[PDB]
C-alpha cells in the first residue's frame, strides 16, 4: 500500500488529470447485494426524510429492546496499521415523529457528542426538525426530557450543552451538540479553514470507543465529507497512505451515497492535500 508521500503524489497528480474525479463518478452509491427491507415497510416509509436515502439492513441501528425503526446506520472507519477504529452513527435530520427514536439512540448508547451539519431550514423549507428546545425551555420527546443548558455561537457553528432526562427512571445524561450552520446542502463548506478547524475540534471531543452521532438533512452528503476528512487527518498524522476513493467506498459499504456530489469529493481531496502540505516537514 505504498506511502503517504506516494499516495499524495498520486492524489495531486490525479486531481490535475483528472482521474480521481472519474474514478469517483464510477463508484457505486449503493453497494449491490445489500438488502434494504425494513426501511421500505409501510409503517416506516414516512420515517425516512428522503425516499432514496435508506439504511442497509446489515448496518441499520436498532433500538435496544425496542422494535421502532430509525433511519440511521453504523459507520466505522478502521485504520489497521494504527490499531484504531473511528466509530460513527450516521443519521438523517429528525422528522417531527422521529425525535423520540433519535433521542432513544442517544440514550441507549450514552452518546456524548452530536454533530449536526445543517441549518433547520433552507430557502423556506424545513431540512431538520428542531429536536431540542430554545433555552430555558424543556421539551418532552418520547419520555425523554431535553433542555439546553448552554448555547454559544462562534463564526461557523453553535455549541450547545444538552441535558437528557429519562422520565421513566429519573436518570440524566449530558450531550455536547455542535451545529455547523455555514455549510449548505449539496455544496461545500462556506469556509475551508473553519471546516478543517471544526473537524479537528470534533476529533478532540471524542470519547474512547464511543460513536460520534453525525447528521445532516439526509445524513450522507455533508456527513460523508466530515467522515472522510477525519479519517484522512488520522492517516496524515501517522504517516499512512491516503486513498480518498477507498475511504468513500468504505463508508458506502455501510451507508449508501456518503459524499453526495463531485464538488464535495473534489473539496475533500483538495483539503486533504492542503493539510498534508501545511504539515509537511522534511
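Numbering follows the first chain given and starts at 1.
Annotation for 143 to 151 versus 92 to 100: the higher mean temperature factor (C-alpha) is found in 143 to 151.
In this entry, 28 to 36 shows the higher mean Cα temperature factor of the pair 49 to 57 and 28 to 36. Annotation for 134, 122, 108, 197: 134 ranks highest, by Cα B-factor. For the set 130, 76, 73, 168, the PDB entry assigns the largest Cα B-factor to 168.
In the deposited entry, the Cα temperature factor of residue 261 sits in the middle third of values across the chain's modelled residues.
When the modelled residues of the chain are ordered by their C-alpha B factor, residue 84 lands in the highest third. Among the modelled residues of its chain, residue 43 has a C-alpha B-factor that falls in the middle third according to the deposited record. Residue 244: CA B factor in the middle third of modelled residues in this chain (values from the PDB entry). In the PDB entry, residue 209 places in the highest third of its chain by CA B-factor.
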